[PDB]
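Participant: Sharing model.csv, CSV, C-alpha atoms:
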chain,number,residue,atom,x,y,z
U,17,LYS,CA,122.8,70.5,142.5
U,18,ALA,CA,122.1,69.6,138.9
U,19,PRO,CA,122.6,71.2,135.4
U,20,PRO,CA,119.4,71.9,133.4
U,21,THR,CA,117.6,69.0,131.8
U,22,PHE,CA,114.3,68.9,129.8
U,23,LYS,CA,111.8,66.4,131.1
U,24,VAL,CA,109.3,67.7,128.5
U,25,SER,CA,110.7,69.1,125.3
U,26,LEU,CA,109.3,71.2,122.4
U,27,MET,CA,107.4,69.4,119.6
U,28,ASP,CA,106.4,70.4,116.1
U,29,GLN,CA,103.0,72.0,115.7
U,30,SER,CA,100.9,73.2,112.7
U,31,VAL,CA,98.1,75.6,113.6
U,32,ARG,CA,95.6,77.6,111.6
U,33,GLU,CA,95.8,81.4,111.4
U,34,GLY,CA,93.7,82.9,114.2
U,35,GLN,CA,94.3,80.0,116.6
U,36,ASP,CA,96.2,80.4,119.8
U,37,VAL,CA,99.5,78.6,120.3
U,38,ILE,CA,101.1,77.2,123.4
U,39,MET,CA,104.7,75.8,123.4
U,40,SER,CA,105.4,74.0,126.7
U,41,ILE,CA,108.5,72.5,128.3
U,42,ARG,CA,109.3,71.2,131.7
U,43,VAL,CA,112.8,71.9,133.0
U,44,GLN,CA,114.7,70.5,136.0
U,45,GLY,CA,117.9,71.8,137.5
U,46,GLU,CA,119.2,73.3,140.8
U,47,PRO,CA,119.5,76.2,141.1
U,48,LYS,CA,116.3,76.6,139.0
U,49,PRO,CA,117.3,77.2,135.4
U,50,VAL,CA,116.9,80.5,133.6
U,51,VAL,CA,114.7,79.8,130.6
U,52,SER,CA,114.5,81.9,127.5
U,53,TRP,CA,112.9,81.7,124.1
U,54,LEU,CA,114.1,82.3,120.6
U,55,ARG,CA,112.5,82.2,117.1
U,56,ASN,CA,114.9,81.6,114.3
U,57,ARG,CA,117.8,82.1,116.7
U,58,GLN,CA,116.6,85.6,117.7
U,59,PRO,CA,115.1,86.5,121.1
U,60,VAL,CA,111.3,86.4,121.3
U,61,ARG,CA,110.3,89.9,122.3
U,62,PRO,CA,107.1,89.8,124.3
U,63,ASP,CA,104.1,92.0,123.6
U,64,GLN,CA,100.4,91.6,124.5
U,65,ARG,CA,99.8,88.7,122.2
U,66,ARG,CA,103.1,86.9,122.7
U,67,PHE,CA,104.7,86.2,126.0
U,68,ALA,CA,106.5,83.7,128.2
U,69,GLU,CA,105.1,82.2,131.4
U,70,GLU,CA,106.6,80.2,134.3
U,71,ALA,CA,104.3,77.8,136.2
U,72,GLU,CA,104.9,75.2,139.0
U,73,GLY,CA,106.9,72.0,138.6
U,74,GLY,CA,109.3,73.7,136.1
U,75,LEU,CA,106.6,74.2,133.4
U,76,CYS,CA,107.6,77.1,131.1
U,77,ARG,CA,105.4,78.2,128.2
U,78,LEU,CA,105.4,80.5,125.3
U,79,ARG,CA,101.9,81.8,124.4
U,80,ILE,CA,101.0,83.3,121.1
U,81,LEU,CA,97.5,84.8,120.8
U,82,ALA,CA,95.8,84.5,117.3
U,83,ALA,CA,98.5,83.1,115.2
U,84,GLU,CA,99.7,84.8,112.1
U,85,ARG,CA,101.7,83.3,109.2
U,86,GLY,CA,104.7,85.2,110.3
U,87,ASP,CA,104.7,83.4,113.7
U,88,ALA,CA,105.9,80.3,111.8
U,89,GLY,CA,109.5,79.4,112.4
U,90,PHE,CA,111.9,77.3,114.5
U,91,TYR,CA,111.6,78.0,118.2
U,92,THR,CA,114.3,77.3,120.7
U,93,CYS,CA,114.0,77.0,124.5
U,94,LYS,CA,117.3,77.8,126.2
U,95,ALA,CA,117.9,76.8,129.8
U,96,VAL,CA,121.0,77.9,131.8
U,97,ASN,CA,122.1,77.6,135.4
U,98,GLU,CA,125.5,77.7,137.2
U,99,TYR,CA,126.2,74.1,136.3
U,100,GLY,CA,125.4,73.9,132.6
U,101,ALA,CA,123.1,74.7,129.7
U,102,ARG,CA,120.7,72.8,127.5
U,103,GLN,CA,118.3,73.6,124.7
U,104,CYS,CA,115.6,72.1,122.6
U,105,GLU,CA,113.9,73.2,119.4
U,106,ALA,CA,110.8,72.6,117.4
U,107,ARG,CA,109.0,74.0,114.4
U,108,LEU,CA,105.7,76.0,114.3
U,109,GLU,CA,103.9,76.0,111.0
U,110,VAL,CA,100.8,78.2,110.3
U,111,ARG,CA,98.1,77.3,107.8
U,112,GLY,CA,95.4,79.5,106.3
F,17,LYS,CA,85.2,105.5,84.5
F,18,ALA,CA,88.8,104.5,85.2
F,19,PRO,CA,90.8,101.4,86.1
F,20,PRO,CA,92.7,101.4,89.4
F,21,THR,CA,95.9,103.5,89.6
F,22,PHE,CA,98.2,104.2,92.5
F,23,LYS,CA,98.9,107.9,93.2
F,24,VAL,CA,100.9,106.9,96.3
F,25,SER,CA,102.6,103.5,96.3
F,26,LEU,CA,104.2,101.4,99.0
F,27,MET,CA,107.8,102.0,99.9
F,28,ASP,CA,110.4,100.0,101.8
F,29,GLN,CA,110.6,100.5,105.6
F,30,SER,CA,112.9,99.2,108.4
F,31,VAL,CA,111.4,99.5,111.9
F,32,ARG,CA,112.5,98.3,115.4
F,33,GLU,CA,110.7,95.6,117.2
F,34,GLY,CA,108.0,97.1,119.3
F,35,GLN,CA,107.4,100.1,117.0
F,36,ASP,CA,104.1,100.5,115.2
F,37,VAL,CA,104.1,100.3,111.4
F,38,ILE,CA,101.8,102.0,108.9
F,39,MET,CA,101.9,101.1,105.2
F,40,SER,CA,99.9,103.7,103.1
F,41,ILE,CA,98.8,103.9,99.5
F,42,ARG,CA,96.4,106.3,97.7
F,43,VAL,CA,94.4,104.7,95.0
F,44,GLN,CA,92.2,106.2,92.2
F,45,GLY,CA,89.6,104.5,90.0
F,46,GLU,CA,85.9,104.6,89.3
F,47,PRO,CA,84.1,102.6,90.6
F,48,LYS,CA,86.2,102.9,93.7
F,49,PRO,CA,88.7,100.0,93.7
F,50,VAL,CA,88.6,97.1,96.1
F,51,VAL,CA,91.9,97.1,97.9
F,52,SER,CA,93.4,94.1,99.6
F,53,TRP,CA,96.7,93.3,101.3
F,54,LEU,CA,99.2,90.4,101.0
F,55,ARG,CA,102.3,89.5,102.9
F,56,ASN,CA,104.6,87.1,100.9
F,57,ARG,CA,101.7,86.6,98.4
F,58,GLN,CA,99.3,85.4,101.2
F,59,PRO,CA,96.3,87.3,102.4
F,60,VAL,CA,96.9,89.4,105.5
F,61,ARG,CA,94.5,88.1,108.1
F,62,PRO,CA,93.5,90.9,110.4
F,63,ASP,CA,93.5,90.6,114.2
F,64,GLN,CA,93.6,93.3,117.0
F,65,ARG,CA,97.2,94.2,116.2
F,66,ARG,CA,97.1,94.1,112.5
F,67,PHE,CA,94.3,95.5,110.3
F,68,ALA,CA,93.5,97.4,107.2
F,69,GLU,CA,91.8,100.8,107.1
F,70,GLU,CA,90.2,103.0,104.4
F,71,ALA,CA,90.2,106.8,104.8
F,72,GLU,CA,89.1,109.7,102.5
F,73,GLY,CA,90.7,110.6,99.2
F,74,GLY,CA,91.4,107.0,98.4
F,75,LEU,CA,93.9,106.5,101.3
F,76,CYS,CA,94.3,102.8,102.3
F,77,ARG,CA,96.5,101.7,105.2
F,78,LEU,CA,97.7,98.6,106.8
F,79,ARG,CA,98.5,99.1,110.5
F,80,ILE,CA,100.7,96.7,112.5
F,81,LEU,CA,100.8,97.4,116.3
F,82,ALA,CA,104.2,96.6,118.1
F,83,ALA,CA,106.1,95.1,115.2
F,84,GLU,CA,107.7,91.6,115.6
F,85,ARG,CA,110.5,90.1,113.6
F,86,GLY,CA,108.0,87.8,111.9
F,87,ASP,CA,106.1,90.8,110.5
F,88,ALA,CA,109.1,91.3,108.1
F,89,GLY,CA,108.3,90.4,104.5
F,90,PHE,CA,107.2,91.7,101.1
F,91,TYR,CA,103.8,93.4,101.2
F,92,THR,CA,101.6,93.7,98.2
F,93,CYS,CA,98.6,96.1,97.8
F,94,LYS,CA,96.1,94.8,95.2
F,95,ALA,CA,93.5,97.1,93.7
F,96,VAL,CA,90.7,95.8,91.5
F,97,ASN,CA,87.6,97.3,89.8
F,98,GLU,CA,85.4,96.5,86.8
F,99,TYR,CA,87.9,98.1,84.5
F,100,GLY,CA,91.2,96.6,85.6
F,101,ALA,CA,93.6,95.7,88.3
F,102,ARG,CA,96.9,97.1,89.6
F,103,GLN,CA,99.3,96.3,92.4
F,104,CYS,CA,102.4,97.6,94.1
F,105,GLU,CA,104.8,96.1,96.6
F,106,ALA,CA,107.5,97.0,99.2
F,107,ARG,CA,109.5,95.3,101.8
F,108,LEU,CA,109.2,95.6,105.6
F,109,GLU,CA,112.3,94.8,107.6
F,110,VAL,CA,112.3,94.6,111.4
F,111,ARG,CA,115.4,95.3,113.6
F,112,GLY,CA,116.0,94.3,117.2
Can you turn what I pasted into structure tokens?

Facilitator:
Amino acid sequence: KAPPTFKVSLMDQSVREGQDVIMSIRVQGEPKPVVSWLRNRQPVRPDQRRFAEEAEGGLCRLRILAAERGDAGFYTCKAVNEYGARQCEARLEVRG
Amino acid sequence: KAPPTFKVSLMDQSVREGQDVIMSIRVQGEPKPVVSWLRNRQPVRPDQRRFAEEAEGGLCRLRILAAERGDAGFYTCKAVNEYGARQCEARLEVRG
């Protein structure tokens, strides 16, 4: 049993408009943490060009297809399980 | 011959995340004005879920598919021809 911890945390990025973005973390914890994503402290609502993925080894990703200036902001990854909670944050900037 | 004028101008809107947005203007002028779109004074870069359209009678539209919080901002429609320039603006807000 273990509360959530981040083995890989978010880091700032600056992309050009039209480029895809990936934000990746690696979380540990038992039971497996529930991982959710915020932009400017609001839930990230998925759509065809922005969505969350879970991969093996605790990898969790937020994918944005063809970045727009409005994607810029502060992104938070929240992790929760029965034994605690943890979060990390980074900034996405978008250039012309 | 005539400089650009707006017969129908932008107006503020507040949509829910996931809803489509249309911003419409009707421009007059001869030669036909060149119409371009800005968000927060930056060019709107088109992609599959955001693009500009021109229809008959001088109708010009900006379409956003499945609005996201980051689409919120102040949108400007710029019109230019050989005889002058005009612009109008409105705000888009996005609710959960």

Participant: Skipping near chain neighbours, those fewer than 4 positions away, what residues fall within 9 Å of residue 19 in chain U using only C-alpha atoms, listed as a ChimeraX atom specification?

Facilitator: /U:44-47,49,96-102

Participant: Next, write the just-selected residues to a file, as a PDB file, keeping the file's coordinate frame, keeping C-alpha atoms as the atom set.

Facilitator:
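New file again_34.pdb:
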ATOM      1  CA  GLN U  44     114.700  70.500 136.000  1.00  0.00           C
ATOM      2  CA  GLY U  45     117.900  71.800 137.500  1.00  0.00           C
ATOM      3  CA  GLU U  46     119.200  73.300 140.800  1.00  0.00           C
ATOM      4  CA  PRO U  47     119.500  76.200 141.100  1.00  0.00           C
ATOM      5  CA  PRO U  49     117.300  77.200 135.400  1.00  0.00           C
ATOM      6  CA  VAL U  96     121.000  77.900 131.800  1.00  0.00           C
ATOM      7  CA  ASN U  97     122.100  77.600 135.400  1.00  0.00           C
ATOM      8  CA  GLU U  98     125.500  77.700 137.200  1.00  0.00           C
ATOM      9  CA  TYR U  99     126.200  74.100 136.300  1.00  0.00           C
ATOM     10  CA  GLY U 100     125.400  73.900 132.600  1.00  0.00           C
ATOM     11  CA  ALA U 101     123.100  74.700 129.700  1.00  0.00           C
ATOM     12  CA  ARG U 102     120.700  72.800 127.500  1.00  0.00           C
TER      13      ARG U 102
END

Participant: Counting all atoms listed in the file, collect the residues of chain F whose closest atom lies at most 8 Å from chain U, and write them out as a PyMOL selection string.

Facilitator: chain F and resi 33-34+61+63+82+84+86-88

Participant: Excluding residue 92 in chain F and its own-chain neighbours fewer than 3 positions away, which residues fall within 8 Å of it when counting all atoms listed in the file? Please give them as a PyMOL selection string.

Facilitator: chain F and resi 53-57+103-106

Participant: List the spatial neighbours of residue 40 in chain U as a PDB file with C-alpha atoms, in the frame of the given file - criterion: any atom at most 12 Å away, all atoms listed in the file, same-chain residues fewer than 2 positions off excluded.

Facilitator:
ATOM      1  CA  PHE U  22     114.300  68.900 129.800  1.00  0.00           C
ATOM      2  CA  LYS U  23     111.800  66.400 131.100  1.00  0.00           C
ATOM      3  CA  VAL U  24     109.300  67.700 128.500  1.00  0.00           C
ATOM      4  CA  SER U  25     110.700  69.100 125.300  1.00  0.00           C
ATOM      5  CA  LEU U  26     109.300  71.200 122.400  1.00  0.00           C
ATOM      6  CA  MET U  27     107.400  69.400 119.600  1.00  0.00           C
ATOM      7  CA  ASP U  28     106.400  70.400 116.100  1.00  0.00           C
ATOM      8  CA  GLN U  29     103.000  72.000 115.700  1.00  0.00           C
ATOM      9  CA  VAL U  37      99.500  78.600 120.300  1.00  0.00           C
ATOM     10  CA  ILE U  38     101.100  77.200 123.400  1.00  0.00           C
ATOM     11  CA  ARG U  42     109.300  71.200 131.700  1.00  0.00           C
ATOM     12  CA  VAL U  43     112.800  71.900 133.000  1.00  0.00           C
ATOM     13  CA  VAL U  51     114.700  79.800 130.600  1.00  0.00           C
ATOM     14  CA  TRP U  53     112.900  81.700 124.100  1.00  0.00           C
ATOM     15  CA  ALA U  68     106.500  83.700 128.200  1.00  0.00           C
ATOM     16  CA  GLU U  69     105.100  82.200 131.400  1.00  0.00           C
ATOM     17  CA  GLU U  70     106.600  80.200 134.300  1.00  0.00           C
ATOM     18  CA  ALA U  71     104.300  77.800 136.200  1.00  0.00           C
ATOM     19  CA  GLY U  74     109.300  73.700 136.100  1.00  0.00           C
ATOM     20  CA  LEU U  75     106.600  74.200 133.400  1.00  0.00           C
ATOM     21  CA  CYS U  76     107.600  77.100 131.100  1.00  0.00           C
ATOM     22  CA  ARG U  77     105.400  78.200 128.200  1.00  0.00           C
ATOM     23  CA  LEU U  78     105.400  80.500 125.300  1.00  0.00           C
ATOM     24  CA  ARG U  79     101.900  81.800 124.400  1.00  0.00           C
ATOM     25  CA  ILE U  80     101.000  83.300 121.100  1.00  0.00           C
ATOM     26  CA  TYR U  91     111.600  78.000 118.200  1.00  0.00           C
ATOM     27  CA  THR U  92     114.300  77.300 120.700  1.00  0.00           C
ATOM     28  CA  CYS U  93     114.000  77.000 124.500  1.00  0.00           C
ATOM     29  CA  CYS U 104     115.600  72.100 122.600  1.00  0.00           C
ATOM     30  CA  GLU U 105     113.900  73.200 119.400  1.00  0.00           C
ATOM     31  CA  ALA U 106     110.800  72.600 117.400  1.00  0.00           C
TER      32      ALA U 106
END

Participant: What does the distance from CA of residue 94 in chain F to CA of residue 73 in chain F come to in Å, to one decimal?

Facilitator: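 CA of residue 73 in chain F lies at a distance of 17.2 Å from CA of residue 94 in chain F.
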